[PDB]
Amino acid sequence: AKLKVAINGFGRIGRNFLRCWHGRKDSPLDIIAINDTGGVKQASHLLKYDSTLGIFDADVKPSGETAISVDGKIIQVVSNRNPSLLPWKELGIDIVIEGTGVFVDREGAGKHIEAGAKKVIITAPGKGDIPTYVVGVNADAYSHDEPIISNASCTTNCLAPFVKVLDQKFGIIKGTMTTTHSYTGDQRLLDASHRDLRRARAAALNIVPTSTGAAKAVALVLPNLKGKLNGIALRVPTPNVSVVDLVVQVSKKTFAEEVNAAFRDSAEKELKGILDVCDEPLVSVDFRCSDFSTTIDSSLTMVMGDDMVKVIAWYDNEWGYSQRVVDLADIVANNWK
């Protein structure tokens, strides 16, 4: 049988995730339940109609008071803020996609296993000591022994792949990072109370500097980069697609075309399907629904002084990251016992 998946937090990732899985033709997963605080009426509506993805090409209807139907496949919908109370044992859930953003440690995510699940994949950096994987960087090192795992952040999943190749190929000494990022649901629409005084500001009006750990987090998946990267994030008024700007001092002297041909060999080989190279003069919106964790903008590749490489990469922070959540869940399901 297929592994039974429940999605906890049917928000942007939860929702992209379901749409990403549905389009897969080889899947070991079966999505049979969804929990979010808002009810079946929201579940069904907000899945059929999405302001960023457009309209789900599928027959999405309610099925009773407690479910929806997606192309005939029935999927139950529950509403409990407390994972402990969810009907996972009852429903036979094997894996939970943690898309709420609030259960990011063992004791919170753990509540799902308590309720009857056996695995939890968290769509966010883990808190504490959670095993962290990036498909195409260290996801081969996952073991079925690990019940709670993290897929890191969308920034980390764009960054790590091209850092793998840079270090392997040219050798990174140190580096720094800015992500110019689409606004996310943690920012206020208009100036309003927030614990972070910059996420408090009108998302759609502003360039908003914000804290990131994406640059240290790459060290979790690429240990050779420990201590070597730092960075910031600038949130800007686009609703989706982001870009990372990496500057590194490499040890092997090189030049833009050398760097791009290297990303280009990788794209063909060990990062097939994860890393891509773009040689057309495109803009953010063109990278919507890109299945690649990272798309090099080759025209922007620079080298100063033989060894200061600047590299620009594109990612669909909602869709491309959710395709990686799907892929990690396929690795979890393939390694079942």
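Residues carry their position along the shown sequence, with the first being 1.
- The PDB entry records a higher mean C-alpha B factor for 26 to 34 than for its counterpart among 280 to 288 and 26 to 34.
- Of the two segments, 163 to 171 and 229 to 237, the one listed with the higher mean B-factor is 163 to 171 (C-alpha atoms only).
- Of the residues listed, 101, 213, 116, 185, the entry assigns the biggest Cα temperature factor to 213.
- In the PDB entry, the Cα temperature factor peaks, among 53, 47, 303, 296, at 303.
- For residue 79, the recorded CA B-factor ranks within the middle third of the chain. Only modelled residues enter the ranking.
- Per-chain ranking of the deposited C-alpha B factor places residue 6 in the lowest third.
- In the PDB entry, a CA B factor belonging to the highest third of its chain's modelled residues is recorded for residue 249.
- Compared with the other modelled residues of the chain, the Cα B-factor recorded for residue 73 ranks in the highest third.
- Per the deposited record, the Cα B-factor of residue 181 falls in the lowest third when ranked against the other modelled residues of its chain.
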